[PDB]
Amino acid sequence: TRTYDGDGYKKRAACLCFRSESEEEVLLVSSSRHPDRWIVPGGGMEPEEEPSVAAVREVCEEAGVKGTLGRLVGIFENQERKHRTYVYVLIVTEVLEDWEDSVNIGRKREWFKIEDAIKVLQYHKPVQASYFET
């Protein structure tokens, strides 16, 4: 079930999934619509679902990783898509081999140095590139 803020923006949560506490490499996943495009893993919050809980669930489903949830980075709007996304830091401690989106739609995942993640997100996902600019 999709959920919405009072202004009609779709509620979403996403994680910056870092390889380590150094926050030097981050996990991106492929788009299902365009498998040659990279995005930050995230998606819709369920009814009454805490944003931090949604963030952890979405990363598990989309990226097949678990770890230690850190700070809320911020709340980011995509005016074009009418999205409002809570973005968290996650330090990855478990990498699972056969996760929900791999099995179901063949979603890919890849480690990126921060500067290269910002580069690949800039064209289609400038708001996701801004997640890192803190």
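The first residue of the sequence shown is number 1, and the count goes up from there.
30-38 versus 50-58 - which carries the larger mean C-alpha B factor in the record: On average, C-alpha B-factors are higher across 30-38.
Between the two ranges 103-111 and 65-73, the one averaging a larger CA B factor in the entry: Per the deposited B-factors, the answer is 103-111.
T134 - Cα temperature factor, lowest/middle/highest third of chain: Within its chain, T134 is a highest-third residue by C-alpha B-factor, going by the deposited values.
Modelled-residue ranking by C-alpha temperature factor, third containing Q128: For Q128, whose C-alpha B-factor we compare with every modelled residue in the chain, the answer is the lowest third.
Lowest, middle or highest third - CA B-factor, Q79: CA B-factor rank for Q79: highest third.
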